[PDB]
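# Fold and contact review
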Amino acid sequence: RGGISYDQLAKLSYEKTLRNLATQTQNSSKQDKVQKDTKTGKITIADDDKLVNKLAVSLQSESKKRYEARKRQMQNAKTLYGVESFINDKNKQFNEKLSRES
Amino acid sequence: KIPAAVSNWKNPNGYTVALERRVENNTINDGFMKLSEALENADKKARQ
Amino acid sequence: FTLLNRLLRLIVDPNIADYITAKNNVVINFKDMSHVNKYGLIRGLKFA
Amino acid sequence: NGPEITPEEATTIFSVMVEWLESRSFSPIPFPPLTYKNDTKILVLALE
């Protein structure tokens, strides 16, 4: 209906991040190698310090957002359902799982 | 999808769950009809 | 019991007969196991 | 599977018993009167 296998989901996420990235590129347009040693086969690839910092910031930011949204579902989740008796939080959470099982 | 496992016998943690998580068709046979009728009638006959 | 009620009707007033007949149908309980006793005699009653 | 007695065999049985209880000229036992002369004596034994 319904669930999605772990592949299709992976693809969808890939596309989503592609769009986000392309938006960084457009907004950046609006505001405006391979060396392998002979001694060892160790490969080295020249890097732009920019876009690496931007990458780290992107990952951290998205992690923050996910953590926060899940946290809001934490908050509402416990405050919404007051019907049945409960001894502790963990009980109420379990019985909401029983609401998911219906 | 596997449902949750809820037993009458044990709730070690203390999860409190609704009574309906804790909480026949076939009717009689015509043999009962026959038997009751036979005792009924033979009883009447004897008494008479 | 359908028979017991009658054969006790012969010997005894229908009040005691019906009483005895009903007394044998009772839930029987051993720990978890429980079942109504729908058929045979319970030999533990004082008047069994 | 229903009862095993069958209506016929039951009728035969009840007939047998009736024939006997007339052969003996038996009185159905009376239910205890509200006043019974021996009633106290019996009660004492049962409690004992």
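Scoring rules and cut-offs
- Residues numbered from 1 in each chain as written, not as in the entry; some residues may be left out.
- Chains lettered and ligands numbered in written order.
- Part of a larger assembly, values for the part shown.
- Heavy atoms only, no water.
- Helix = DSSP H or I, 4+ residues; strand = E, 2+ residues; numbered from the N terminus.
- Buried < 20%, exposed > 50% of the residue type's maximum accessible area, 1.4 Å probe, protein only.
- Contact = heavy atoms within 4.5 Å.
- Areas by Shrake-Rupley, 256 points an atom, 1.4 Å probe, with all protein chains shown as cover.
- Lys, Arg positive; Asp, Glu negative; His and termini not counted.
- Salt bridge = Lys/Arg side-chain N within 4 Å of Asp/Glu carboxyl O.
- Polar contact = N/O pair within 3.5 Å; in protein donor to acceptor, adjacent residues only side chain to side chain.
- Buried area = accessible area lost by both parts, 1.4 Å probe.
- Expected span 1.5 Å × (residues − 1).
- Pairing = 2+ DSSP bridges.

This deposited entry lists cryo-EM as its structure determination method and 3.40 Å as its resolution.

Taking the PDB entry as the reference, chain C is identified by name as Pre-mRNA-splicing factor 8 belonging to Saccharomyces cerevisiae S288C.

In the nomenclature of the PDB entry, chain B is known as Pre-mRNA-processing protein 45 of Saccharomyces cerevisiae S288C.

Time to look at the overall build of chain C. Scanning chain C from terminus to terminus reveals two helices and two strands. Along chain C, from the amino end to the carboxyl end, the secondary structure elements read α-α-β-β. Principal-axis analysis of the C-alpha atoms gives chain C an extent of 40 × 20 × 15 Å. A total of 48 residues make up chain C; the buried ones form 23% of that total. Look at the contacts in chain C between residues 6 or more apart in sequence, and 21% of them connect residues 24 or more apart. In the form shown here, chain C has an accessible surface area of approximately 3600 Å², with 61% of it arising from carbon and sulfur atoms.

Structurally, A:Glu84 can be placed in the loop between α2 (52-80) and α3 (89-101). No salt bridge is formed by the buried A:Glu84; its nearest oppositely charged neighbour, B:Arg21, is found at 8.6 Å. Here B:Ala18 takes part through its backbone nitrogen, which lies 2.6 Å from a polar atom of the side chain of A:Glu84. With sequence-adjacent residues up to four places away left out, A:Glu84 is seen in contact with A:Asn95, B:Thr16, B:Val17 and B:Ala18.

This part takes up the interface of chain D and chain C. Contact with chain D, which involves 13 residues of that partner, is made by nine residues of chain C. Taken together, both faces of the contact between chain D and chain C bury some 920 Å²; the carbon and sulfur share is 78%. When the area that chain D buries against chain C is broken down by residue, the three leading residues are D:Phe14, D:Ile29 and D:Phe31, summing to 44%. Summed over the shared surface of chain D and chain C, the result is zero salt bridges.

In this section: helix α1 (residues 7-23) of chain D. Helix length check: α1(D), at 17 residues, gives a terminal C-alpha distance of 24 Å against a target of 24 Å (1.5 Å per residue), a fit within 8%. The inward-facing, buried residues of α1(D) contact α2 (30-47) of chain B together with α1 (2-11) of chain C. Phi turns positive, to about 55°, at D:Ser25, one or two residues after α1(D).

Attention shifts here to the interface of chain B and chain A. Taken together, the contact between chain B and chain A spans ten residues of the former and eleven residues of the latter. Buried surface at the junction of chain B and chain A, summed over both partners, amounts to about 900 Å²; 57% is from carbon and sulfur atoms. Interface area lost by chain B to chain A is led by B:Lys1, B:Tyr15 and B:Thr16, which between them contribute 55%. The tally of links from chain B across to chain A stands at one salt bridge. For B:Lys1, the salt bridge goes to A:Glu101, with nearest N and O atoms at 4.0 Å.

On to the pairing of strand β1 (residues 27-30) of chain C, then. All names here are of chain C. Relative to strand β2 (residues 33-36), β1 is paired through four bridges, and the arrangement is antiparallel. Within the sheet, the bridge partner assigned to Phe30 lies in β2 and is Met33. Counting the residues in the hairpin turn of β1 and β2 gives two residues, including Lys31, whose phi is positive at 45°.

Note on pairing: side chains with opposite charge can pair once their charged atoms come close. For the coordinates displayed, the defined rule picks out nine salt bridges over all chains. We note a salt bridge from B:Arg47 to B:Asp43, for which the minimum N-O separation is 2.9 Å. Pair noted here: B:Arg47 and B:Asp43 are both in helix α2, with a separation of four residues, about one helical turn. You can call B:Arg47 exposed: its relative accessible area is 57%. Salt bridges linked by common partners bring A:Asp89, A:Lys92 and A:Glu96 together as one network.

So, about unusual backbone geometry. Residues and elements named next belong to chain A. Looking along the chain, the bond that leaves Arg1 and enters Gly2 is cis, with omega of 0°. Within the secondary structure, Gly2 sits in the segment before α1 (6-31). The residue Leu51 is not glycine, and still its phi comes out positive at about 75°. Its location among the elements puts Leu51 in the loop between β2 (43-44) and α2.

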